[PDB]
Amino acid sequence: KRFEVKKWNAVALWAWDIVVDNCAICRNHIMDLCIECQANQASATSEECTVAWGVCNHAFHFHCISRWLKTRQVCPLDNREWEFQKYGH
Amino acid sequence: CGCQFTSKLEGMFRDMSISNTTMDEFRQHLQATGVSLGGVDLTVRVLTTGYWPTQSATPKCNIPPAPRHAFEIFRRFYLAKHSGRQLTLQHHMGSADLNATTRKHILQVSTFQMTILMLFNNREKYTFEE
Amino acid sequence: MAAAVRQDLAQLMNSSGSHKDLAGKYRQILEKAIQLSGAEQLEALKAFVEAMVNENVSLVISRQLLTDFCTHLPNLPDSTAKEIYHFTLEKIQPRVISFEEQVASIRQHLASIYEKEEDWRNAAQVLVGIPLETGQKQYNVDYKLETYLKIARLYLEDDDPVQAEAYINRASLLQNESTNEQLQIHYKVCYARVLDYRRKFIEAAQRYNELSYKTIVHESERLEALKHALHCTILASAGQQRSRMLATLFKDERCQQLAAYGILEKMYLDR
Ligand SMILES: [Zn+2]
Ligand SMILES: [Zn+2]
Ligand SMILES: [Zn+2]
């Protein structure tokens, strides 16, 4: 051949995916509503119960983390202050 | 300045340290197992999306066959001994050293012209449509 | 005459010419191999697969002829063309990143054919192998939803729903992106089933009851979904949530038509 490649320095990005698991506050799942949505409210009409992503890349139900923010505000998996970087999956 | 905006930057250069340290493990695998023509000379880099933003769109162009084997080997290794995370390939990053051939002068393509030159090697006399 | 076909493929690989002429000549060779039968046809098609995956052959030449090879395959009965399905699936590996549409078609065909021979075990594993996560070939949200739904349904029939939970997981991830309502209805039925299987009888009854008051679902399927809701409610944990569902199920007149109508009637009225 006329042109042959010898060296290559590509950058391979990695991202934690399949982040399905469990909203550890509600202990039901990362999705499929929460304890405050399958045991508390019955109507569940015009409702949401999304996910809640923080700066430390942790994931919980929006309902579960918001209620947890009443007393404590320190993201019980660490001591980070848990900024709200995203909602939903 | 503070934490929130600045800590993201301090993680970018930290991931640059992550890249070479991850390659230190990769280099250890290179010392143990020899690589064939698909993998003659590779220095791949591993970064985290939590600090380094996407350039424009992370495109999905094709790959030349020799880099195809090299990326396949690295992806297979990363999915075997580093399970729990899958890699995404992109073209808007990196470089290359294209050995051309009166002497043998190695060119340089920044992972943009690799696809174009590879098609030329397969067959010359192309155009914008090709 | 498989050796002659292989020799023709090898000679055509080293030939130089326009892409259209090469594609036509290869297509004629493929048609001749299809006209064969028995082991001769199997070896001829195996050589055809080997030629397509060869590096020298152009990608456009490779991608379409493999697609055309795949299209003629369902015509051949359920037999010899399946050891080549495994052969072709493993063959696509150096260029598995180049194209995944043919791999997707083969896996979908293989899963359905495995589904024919009462095999939800191997059909699941084959269809798991799909790289839906990639997104390079941006599988339309329905297709990823359809594939994830099929794996979950296959994993439901043999009942190993440790992965089916993890597959109904990624199914709902893409679910709130899709458009097709019938696919959404088919999803909610499967999701309601998944709740019924694992331990979520009370949650399955809620999902079944929500799906019971639908219009596009067949009246027989609507009655069947409600019948599952009644069965799930009876089998659910006896508590406040179950009592409310029992009260709700004591309203449908199509509950009365069911044979278990007496069962919840004694249940809710207290006995
Ligand atoms: Zn929760
Ligand atoms: Zn909630
Ligand atoms: Zn945290």
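Indices start at 1 and increase along the chain as displayed.
Heads up, header says this was done by electron microscopy, 4.2 Å.
Using N, Cα and C of the backbone, Cβ positions are placed for all residues, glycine too.
Listed in Swiss-Prot:
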BINDING   A:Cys23, A:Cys26, A:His61, A:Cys64  Zn(2+) 1 binding site
BINDING   A:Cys34, A:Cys37, A:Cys49, A:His63  Zn(2+) 2 binding site
BINDING   A:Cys56, A:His58, A:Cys75, A:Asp78  Zn(2+) 3 binding site
ZN_FING   A:34-79  zinc finger
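Summarised by DSSP class, the composition of the zinc finger (A:34-79) is 13 helix, 7 strand, 26 coil. By the criterion of other Cβ atoms within 10 Å of the residue's own Cβ, the least surrounded of the binding-site residues A:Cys23, A:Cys34, A:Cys49 is A:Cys49. Around the Cβ of A:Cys26 (Zn(2+) 1 binding site), the same chain contributes A:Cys34, A:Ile35, A:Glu36, A:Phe60, A:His61, A:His63, A:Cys64, each under 8 angstroms and 6 or more positions distant in sequence. Cβ atoms within 8 Å of the centroid of the Cβ atoms of A:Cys34, A:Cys37, A:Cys49, A:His63 (the Zn(2+) 2 site) belong to the same-chain residues A:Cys26, A:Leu33, A:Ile35, A:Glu36, A:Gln38, A:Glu47, A:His61, A:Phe62, A:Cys64, site residues excluded. Comparing the binding-site residues A:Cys56, A:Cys64 by how many other C-beta atoms lie within 10 angstroms of each C-beta, the top residue is A:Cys64. Summarising the environment of A:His61 (Zn(2+) 1 binding site), the number of other Cβ atoms within 10 Å of its Cβ, over all protein chains shown, is 28. Nearest by CA distance to A:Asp78 (Zn(2+) 3 binding site), out of the binding-site residues A:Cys23, A:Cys37, A:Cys49, is A:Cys23. Note on the binding-site residues A:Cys37, A:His58, A:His63, A:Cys75, A:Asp78: the fewest other CB atoms within 10 A surround the CB of A:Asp78. Among the binding-site residues A:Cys23, A:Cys37, A:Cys49, the residue whose Cα lies closest in space to that of A:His58 (Zn(2+) 3 binding site) is A:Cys23. The record gives A:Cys23, A:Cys26, A:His61, A:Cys64 for Zn(2+) 1. Within 8 Å of the mean position of their Cβ atoms, the other Cβ atoms in that chain belong to A:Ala24, A:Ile25, A:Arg27, A:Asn28, A:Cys34, A:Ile35, A:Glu36, A:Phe60, A:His63, A:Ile65.
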